[PDB]
Amino acid sequence: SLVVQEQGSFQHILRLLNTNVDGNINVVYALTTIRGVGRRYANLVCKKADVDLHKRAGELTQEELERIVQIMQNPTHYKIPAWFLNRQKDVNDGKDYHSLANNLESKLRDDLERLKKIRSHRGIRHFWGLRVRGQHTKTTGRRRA
Amino acid sequence: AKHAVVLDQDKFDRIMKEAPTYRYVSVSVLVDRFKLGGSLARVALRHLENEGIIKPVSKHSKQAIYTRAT
RNA sequence: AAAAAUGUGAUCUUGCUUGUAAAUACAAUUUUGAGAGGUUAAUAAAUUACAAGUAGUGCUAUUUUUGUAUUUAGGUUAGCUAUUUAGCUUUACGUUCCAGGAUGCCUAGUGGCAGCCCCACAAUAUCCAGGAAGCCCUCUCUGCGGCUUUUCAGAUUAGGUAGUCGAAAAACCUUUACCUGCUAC
RNA sequence: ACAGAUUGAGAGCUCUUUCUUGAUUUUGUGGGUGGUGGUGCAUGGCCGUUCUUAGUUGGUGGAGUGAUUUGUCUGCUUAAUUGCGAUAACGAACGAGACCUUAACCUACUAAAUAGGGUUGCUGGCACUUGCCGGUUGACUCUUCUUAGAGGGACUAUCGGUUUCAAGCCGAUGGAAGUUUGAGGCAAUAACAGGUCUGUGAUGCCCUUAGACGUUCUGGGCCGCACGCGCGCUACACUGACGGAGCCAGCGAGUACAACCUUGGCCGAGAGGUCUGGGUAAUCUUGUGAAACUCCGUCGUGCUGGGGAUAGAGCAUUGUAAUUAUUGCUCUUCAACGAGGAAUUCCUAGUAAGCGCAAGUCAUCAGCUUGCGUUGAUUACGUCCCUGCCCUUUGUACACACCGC
Ligand SMILES: [Mg+2]
Ligand SMILES: [Mg+2]
Ligand SMILES: [Mg+2]
Ligand SMILES: [Mg+2]
Ligand SMILES: [Mg+2]
Ligand SMILES: [Mg+2]
Ligand SMILES: [Mg+2]
Ligand SMILES: [Mg+2]
Ligand SMILES: [Mg+2]
Ligand SMILES: [Mg+2]
Ligand SMILES: [Mg+2]
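Put into structure tokens, the structure is as follows:
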């Protein structure tokens, strides 16, 4: 809509949630780049914040960033339906929750560990370093981790 | 990245200087004369179409052909 | 680089013939899965650095002002082809990877809306053509496919011959080839 | 044959049991029966392939003692042994053609409130003059589009060249149609040791034949992964991606003894739930308002918002049973891949390619398949260079026929 007038040049590459938010580009894109946030989720976050998706937003404000962080942290406090999440329904009798960065990775690791402990078919597969979701490796994917 | 995405006052001024000249102004044309990248170029073009200066030929999405007055 | 001025037996800076001080790092995907034995043989590169014998030229050149600088910037091979003012690759040299140091014309370019604003076309050679992984190979840390076998069989098929495959102990790092199958109103 | 041990196990499977059951049986011996057991090189039928190529045959008559041969062919034509011609051959049959089905034309017939329109009633909105768009099976009438009956219509037609002025071919004109009008359906003789005895109460023989290789339950498995090839899909984006908005097909299919398609209304971000219908179907689903497309905006040539894999979680549904994700949806992860070497496939017009739909299988699953329509090109309209195949003449120690001897 408008070309960025004024001096500009407000920080190339911001650091947020122990990860690299890329300068310029767009808020959603930055979120995606973070290890744990995706596209739709990012969009939702942006909407919640109340910033234009048109703006490149490496020239973002601090308050806005803080708000975003808060949103990331908390599903239930803000208006997020709580079945839109990465994780939901976990531990004994309790609540749905998700992380979005380093935190997300940690959570994933924990989950993996739990699975391993359980020794479920999926867990076993994971341990092996193999195909959890029953896809046929008779022909396909001949290299693997 | 190949740069030509960073935004400045100086850059804006150079862009302005000027809408006049060039048989046609096409986002593509703008980039890369090494100007502000795609979206930015489009925005600039739009601005140029505010009050004369550069009149249009086509109006399509991405095939936006403009030419100098008058 | 620009500028005012001190002083050196007037001053100034184009390389020629010599020997020593140093930068081509690091490695890994690979090499026959790990260790040892050789950069085997071969071989120093002009590049920077100080001083000689002065063609040069009297060798060493000092004290103070103006600006963020205002300085002059960019890029070259090597091979194949009757696409030979063009086409294809593009640092080759045991196999796999390598990079430019400077004698230089470079040149402040010619084209397309030159205008700075991008596109493409134009700058001989190169002196070295040199370094890193891999480098014929032999013992080890002592490997899994041989050694016979005896048991059988899977079978191999239309039938059969000779070989081959599969389950049980001892050193050493093919399921095919070939023979034999049928007659009036 | 309840009861618990038994048992994977509310399998009386049994050993614990001591009640039922009444001549079915049952214990043998002849004798059958079943087998997705074997052998397709023991067979049937069907199919595939030689080959949808142009080939095949016999009656006279001639040539040969004869097997045989000629006819069935130098040439030119044709998609075709299609014809014209030349001719010990003449006239014939099969195959091709004709045929059939479908795809195209019909303001010419016969027809319709299960197909579509016209006037008009009531009726909604407009400009506000009479006019424009509508909605209603209110009336009246029509058959162009619709269907689908009966017919016609194309025969290379007319003209020009070209060709022994033949077969034909080439070009203009008209014509819906001028590639055999397009597309198929069928499709000869002789065969193959091609496939199928896992479609088959089609079947020879062998095997098996009551702790079965019969059956039947239960749990798996066909889906496993150092890795080869084969159909396929998705992409490597800017002829795009993403958002909106525009918004148009044709083949179909679809339940009452089941549970089919399922509009319309409410709940749900979705998937999907619910109530209600309509449909046994030109009537309802359904104009299947399918996609690819078209318009305006957002990213601009960065492994990027290209690309979507693997992944984690939850929400759904089908079923008895979903972990070895059935499938759908929601968020998250963001891998390889900047058009692919040697090679090799498919293709000549509504084709190729793209795009979706569609039924088939189906409780549930589409990247598959048979069809369908939508968008719709590039380049030939030739040749034997390759490949295969066909003939002819040649040579042959071959005839189980070069995998030969
Ligand atoms: Mg049976
Ligand atoms: Mg049988
Ligand atoms: Mg057979
Ligand atoms: Mg056979
Ligand atoms: Mg005769
Ligand atoms: Mg004959
Ligand atoms: Mg004529
Ligand atoms: Mg036909
Ligand atoms: Mg209908
Ligand atoms: Mg990405
Ligand atoms: Mg299938």
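As you go down the protein sequences, you meet chains W and L in turn.
Residue numbering for the first sequence follows the numbering used here, starting at 387 and increasing by one per position.
Residue numbering for the second sequence follows the numbering used here, starting at 3 and increasing by one per position.
Every residue gets a Cβ at the ideal spot worked out from N, C-alpha and C, and that includes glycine.
Within a Cβ cutoff of 7 Å, which residues of the same chain sit near residue i, ignoring the five residues on either side of it in sequence?
i	result
W/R517	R511, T523
W/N404	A487, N488
L/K13	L38
Return helix, strand or coil for residue i, following the three-state DSSP convention.
i	result
L/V29	helix
W/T405	strand
L/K57	strand
W/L501	helix
L/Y68	strand
residue 532 of chain W	It is not possible to answer for residue 532 of chain W, since the shown part of chain W is limited to 387 through 531.
W/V518	coil
W/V455	helix
W/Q474	coil
W/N488	helix
W/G509	helix
residue 370 of chain W	Outside the shown range of chain W (387 to 531) lies residue 370 of chain W, about which nothing can therefore be said.
Hey, quick one: how far does the alpha helix (DSSP H) through residue i stretch, first residue to last?
i	result
W/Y415	413-419
L/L50	40-50
W/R530	Where W/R530 is concerned, there is no enclosing alpha helix (DSSP H), given that its DSSP letter is neither H nor E.
W/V423	Note, W/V423: premise wrong, no alpha helix (DSSP H); not H, not E.
L/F14	11-18
Give me the Cα-Cα distance between residue i and residue j, rounded to the nearest whole angstrom.
i	j	result
W/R528	W/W514	15 Å
W/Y415	W/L439	10 Å
W/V455	L/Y26	45 Å
W/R425	W/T418	6 Å
L/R70	W/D436	38 Å
L/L47	L/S63	13 Å
W/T525	W/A531	16 Å
L/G40	W/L388	13 Å
W/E499	W/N472	17 Å
L/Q11	W/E392	5 Å
L/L50	L/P22	10 Å
L/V59	W/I466	46 Å
W/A443	W/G409	7 Å
W/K433	W/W469	18 Å
W/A428	W/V407	13 Å
W/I399	W/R505	42 Å
W/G480	W/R495	21 Å
Once you ignore the five residues that flank residue i on each side, which residues in its own chain have a CB closer than 8 Å to its CB?
i	result
W/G394	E445
L/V29	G40, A43, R44, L47, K64, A66
Taking 6 Å as the limit between beta carbons, can you name the residues of its chain near residue i, skipping five residues before and five after?
i	result
W/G509	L501, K502
W/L486	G422, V423, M458
Exercise. At a Cβ cut of 7 Å, what residues of the segment 39-60 of chain L count as close to chain W, listed as they run along the chain?
Worked result: Listed by position, the residues of the segment 39-60 of chain L near chain W (Cβ gap below 7 Å) are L42, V45, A46, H49.
Problem set entry | Contact set between the segment 10-24 of chain L and chain W, restricted to residues whose Cβ is under 7 Å from the partner | Those residues of the segment 10-24 of chain L that come within reach of chain W (Cβ to Cβ, closer than 7 Å) are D10, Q11, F14.
Problem set entry | Contact residues within the segment 396-422 of chain W, judged by C-beta distance below 9 Å to chain L | Answer set for the segment 396-422 of chain W: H398, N410, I411.
For this session: Compile a chain-ordered list of the residues in the segment 439-454 of chain W whose CB is closer than 7 Å to at least one CB of chain L.
Result: Here the close residues number zero.
Problem set entry | Proximal residues, the segment 506-527 of chain W versus chain L, C-beta separation under 8 Å | For the segment 506-527 of chain W, which is checked against every Cβ of chain L, not one residue is closer than 8 Å.
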